[PDB]
């Protein structure tokens, strides 16, 4: 007797906490969520199989009563916890303090149904003072907090399981829509049609080698066309003139000394990158150290388990006072006194107390990489490389700005009856910056002699905006407040599984069905796919957790419509049920599955139709008899949407 069972969200924290407690405590992990709604009507128990609300898994007619089942991938976890409950005398529900962690603790209470005393406690780190403080300040469950995420969970269920049937009815079966999916897909589709309407505009100049390289700036009274001078349609924004291949080569002129007009100097200040999070660490790990994303996490798990770094899964880049002081104290003693900022540098992000902290070395006194190189070697060399990378960005984030000086020279030259202008930009490091840990001659008096050695016609062309990658997409989602670190990787795979997005190298390319689904949701569910929907939802979830709004009243307004309570976008417009009801009856399916692109020379529209065997290009044309018998050509995925111009449209029709 006299033993306690402590349950944590993550197996890693479970192992590290078990190392600090010893006997008398049994530390286990819930592997995240143990319960969920049924994914299908065939998953509900036999009591509610006939009830009409079984497809949703919540009884929206009876105050949105949810139906929870043990997740099949967590039955092994649940059965172990139930078995270990019979061997202890107290239960410590020590999940995370966020609304997801509070609901896991709530689900653990409901699933275990313990007959022994239960205490709810939260900690932010695995250290003896953090464990002691959490143990000497327990509390009960926060139902307003569990009602917050339950409202979120049911919100996502209503969104997905009610709007997806509309897609099956108007586009294709098995298609889906989600508060994150449909927005993440829309981000990619919006990028694609931005480069379908994009039109290029080429221009030339001269970038000659007058260890120095100068470029064209102006020619006589006018300037030279730069990349920042043309809009999306190839139109020059209203003075300058584009030097083409013919005119620029005529101004090539043999060897002539060039003058110098200006050589002013002015200093700059370079800022250090903020500390690492789970997202920004894998980027730099795959770049300067050539590690995989799963290889970085696997290594980062062991460094944290040995007390080298902090927790790996963090959407926060802030530092604690103990960390901000240890980094500044170590930096000052390591290098110099003037090598630090006057005040500590705090790097805070959005979705503001976020219990999560940046990935940084552990302890109130940081350990140099030199100190751990003697301890990490052999088959542990890969571990030391990640620590040095983590230690470097943590101490460099607390040192004084890197100061340099840029020299903006201005080279001069003549050419017949036209005074052309040249210029070039240089830069040199004058102050030893944060880069020390990790991150001929350029002197010229105004009016010197410098002959032209090389000469070349610089060929240029404006380029469409680049496609999103996995890194850049989750960045756009982060700045919008969409998604979570645990779902970022998952949401990328899900939008590929149903054929919304395929990958070409590192770029994410949307399929044609993504265009059709986005068009439906933009023209008929405009509020559900608004980029601001999740943020406005989060603001309303704050009021439910704060006690200023009940879960049932909010859901009743969102689904059935309502003006009373916290104001909601879909609620004041009649609710979700009325919106999916009207769209199931008023949407012309023959119109939403025909993606309009352009007209050909005969002025007739060409569509992309989403058929049962993939997309196919279709066009209506007069046939043998003067009637609108039509033309189709099956559309292979080998050509992206922006590549489908009028030519290849006619080349497929000529096939």
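Positions refer to the first chain, counted from 1.
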Report summary line: Going from residue 238 to residue 239, the deposited residues skipped in the model number 1 to 3
Requested in this report: Check the residues of the deposited sequence separating residue 210 from residue 211 and report how many of them have no coordinates, as none, 1 to 3, 4 to 9, or 10 or more.
Outcome: 10 or more
Query raised in the report: Between 149 to 157 and 328 to 336, which has the higher average C-alpha B-factor in the PDB entry?
Result: 328 to 336
Query raised in the report: Mean CA B-factor: is it higher for 445 to 453 or for 570 to 578?
Result: 445 to 453
Report task. Can you pull the Cα B-factors for 565, 227, 465, 481 from the entry and say which is highest? Result -> 227
Report summary line: For 97, 413, 547, 561, the deposited C-alpha B-factor is largest at 413
Query raised in the report: Ranked by Cα temperature factor within the chain, is residue 624 in the lowest third, the middle third or the highest third?
Result: highest
Query - Position of residue 280 among the chain's modelled residues by C-alpha B-factor, lowest, middle or highest third - result: middle
**Report entry** Lowest, middle or highest third - CA B-factor, residue 320
**Finding:** middle
Requested in this report: Taking the values exactly as deposited, rank residue 486 by C-alpha B-factor within its chain and report the matching third: lowest, middle or highest.
Outcome: middle
Query raised in the report: Is the Cα B-factor recorded for residue 166 in the lowest, middle or highest third of its chain?
Result: lowest
